[PDB]
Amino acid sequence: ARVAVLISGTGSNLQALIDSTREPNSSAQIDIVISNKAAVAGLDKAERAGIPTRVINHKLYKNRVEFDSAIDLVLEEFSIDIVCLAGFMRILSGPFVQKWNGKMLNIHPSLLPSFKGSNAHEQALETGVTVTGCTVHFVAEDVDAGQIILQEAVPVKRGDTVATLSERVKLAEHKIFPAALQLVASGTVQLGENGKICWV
């Protein structure tokens, strides 16, 4: 399966996916990395790995649908089968999500359905949980509400900050996102017709 990875930043999840998809038994190959932001570290990581990159600046588009169309054009250019959102911080439009239904994965740094949205660690710390984690899910129109593929729990330590908690949770992200991508790319896991996850 042919994979696009979309990023907005550092790209540690991208690097874990690069490492995993290059193992001999990988069912996935990363053929394009797309960032909505120029000069982010994730682009350096892709270049170093010899993977093509494109920058599609959302600021240059009239609306969300036009931006998504620009992304979709590149996905078609590279005959992409599966899209991974790896620190990509834009909400995708309904039609784009429907087109890629069952083919687009996101990583989120909480145990969904807790702490949906952009500041999950801040929320976890404010709430006072002692266990948080991360989730890989299929992308549905409603943000952070699509079908869950894998999750991993991560403890919150007393005195944690966003800095220390995000660091700990990223170790788990780098485990489950490669594992989830392999499950989908190999056809082991798919989005069922009834909308529920299906393990074959």
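Note that the rigid core is defined as the largest set of C-alphas that superpose within 1.5 Å between two forms. Sequential numbering from 1, following the sequence displayed.
Between 62 to 70 and 25 to 33, larger RMS Cα displacement in 9 other deposited structures of this protein after core fit: Farther from the shown form on average in 9 other deposited structures of this protein: 62 to 70.
Outlying stretch relative to shown form, 93 to 101 versus 121 to 129 in 9 other deposited structures of this protein, C-alpha RMS (core): This comes out as 121 to 129, the stretch further from the shown form in 9 other deposited structures of this protein.
Stretch with the higher entry mean CA B-factor, where the candidates are 86 to 94 and 122 to 130: Mean CA B-factor is higher for 86 to 94.
Comparing 70 to 78 with 98 to 106, the one whose average Cα B-factor in the PDB entry is higher: Taking the mean B-factor of the alpha carbons in each, 70 to 78 is higher.
Residue with maximal Cα B-factor (values as given in the PDB entry) among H174, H137, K157, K59: Of the options given, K59 has the highest CA B-factor in the PDB entry.
Residue of maximum C-alpha B factor among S166, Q29, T53, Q151, per deposited coordinates: Answer for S166, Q29, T53, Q151: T53, with the highest C-alpha B-factor.
Entry-reported Cα temperature factor of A145, expressed as the chain third it lands in: According to the entry, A145 has a C-alpha B-factor in the chain's middle third.
Among modelled residues of the same chain, the CA temperature factor third for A41: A41: CA B-factor falls in the highest third of its chain.
Third of the chain's Cα B-factor distribution that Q182 belongs to, per the entry: For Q182, the deposited C-alpha B-factor lands in the lowest third.
B-factor third for the C-alpha atom of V162 within its chain: Answer is lowest: the recorded C-alpha B-factor places it there.
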